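Below sits a lone chain in structure tokens, taken as the form deposited in one PDB entry.
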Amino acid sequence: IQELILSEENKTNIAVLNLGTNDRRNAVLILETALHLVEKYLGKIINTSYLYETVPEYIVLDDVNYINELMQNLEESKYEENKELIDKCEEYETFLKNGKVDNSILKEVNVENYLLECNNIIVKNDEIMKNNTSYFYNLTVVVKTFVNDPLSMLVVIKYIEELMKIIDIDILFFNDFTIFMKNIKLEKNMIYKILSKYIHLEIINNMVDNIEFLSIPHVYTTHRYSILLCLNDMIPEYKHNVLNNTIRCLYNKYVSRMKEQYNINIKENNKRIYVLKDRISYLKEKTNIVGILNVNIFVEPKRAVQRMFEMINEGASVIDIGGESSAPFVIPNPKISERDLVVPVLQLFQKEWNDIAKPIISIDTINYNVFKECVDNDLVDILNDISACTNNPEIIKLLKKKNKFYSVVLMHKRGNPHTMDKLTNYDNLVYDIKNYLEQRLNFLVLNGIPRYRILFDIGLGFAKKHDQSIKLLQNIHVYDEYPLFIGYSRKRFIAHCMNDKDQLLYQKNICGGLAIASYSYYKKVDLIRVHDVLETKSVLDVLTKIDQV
């Protein structure tokens, strides 16, 4: 046993994990805590799915902050975290192609015997659930793991569950292994021996009976929509030996089956979630206003915070604060740094708020030093990185603490405010931008940023002719599966669509922006970045009322 389960040599395996909770109000905190412990005790998170609200799947053939106290009382992993950015992952590529990995230390079964044994568990379980309420919140994760084998991983996983005391963590795959092991009898000091390999130990009694069998792939992989739903996000092309098709085909048949033989439409009550700060947002259910706070003429901290408060009351859900202009052909005031403009205002807002519904704060920056200071001093919620984190990808390290994750807007542009209007050739405008953003998400997701925390922005007016900016909006449907953030507010292209002189075109432009708000409303754009919050709020309130039947 010590020769193989606890062998000296360090492996690099690929595991695919499923995460569940039943707590709606704390889902993010429960699941992101699980993610941290996974990242801490198992290896490196290299993929995540969206977060979903899922209808319970019991039959196949049809509130407290002790977590935060746990998070200051953890044993150290015997394995080191490396936060360095990676570009690729060999073992992961091998996993997906299904190619040649090490032999399993745990005895495998063939397809026939897997199918008989998986099948058996289901009928037993179906009739059990036949004889004898709340939504599930689900998430899948690919971990590049240093744990030797699936059984050892399940042990560590069980520890993670007891520590968190609400949470359910399943191993879906482990390399290309087919494993069915029926009557696991694990010794009280075997569990300790396993845990000690991976953790510097300072519960074990509970675990002994909790592992009765091991199935790889998990029994319910092909039988739960909610699982297939999550896997389709991460590994759509994957074909394990024990599966009839790729994950995408399996997901697709399941959608069309519920439609062609049950007339259900299964997507309707299995909602995709994104996360702006710490609450659940249902994808495509609200057009949130993001109020613009431009800090540069120098804008005084007190006046700027006044403007923030005004915006909250005008109905902004998110304030985007920026001290470095991206507007065409500008150059900043050299006398005063981005941080000097930005940080004081955010410090003053935090003081002025704490004296007293709290707006989410986004910082429009591409600069590591500025974002580091903001995050250290709990001043911000979201990075609005207009370079899609390409200017300094080290900024991605700042999006993860331990317990906490930060959300991020990824925007498309080329060049800078002086060059961008010239950088306007695209072979396939709509899809070049779309593919660029997906590629940027992939890189973030490979580097452990949760998928459901990443927002897409097409960068209107940035290296786009006015007709091109229009075409991007005409084809906004292309982002129907994704959290979407856009900024049209007061841009030159609005004016290009139109027919005291100086103050007149100013007005037509704000008024034209409200047409794009209306359009965004009907296209179900998740976030809109605007200067004129009150006007935008008035439009959206009325459009919302016309929809309440």
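If you superpose the two forms and keep the largest set of C-alpha atoms that fall within 1.5 Å, you have the rigid core. Heads up: residue numbers just count along the shown sequence, starting at 1.
If you look for the form deposited in another entry, you will not find it shown, but the lines that follow are about it.
- Once the two forms are fitted on their rigid core, between the shown form and the other one the CA displacement reaches 2 Å or more only for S325 among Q347, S325, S337, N416.
- Wider separation of the C-alpha atoms of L383 and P334, by 3 angstroms or more, is seen in that other deposited form than in the present form.
- Relative to this conformation, an increase of 3 Å or more in the Cα-Cα distance between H477 and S326 is found in that other deposited form.
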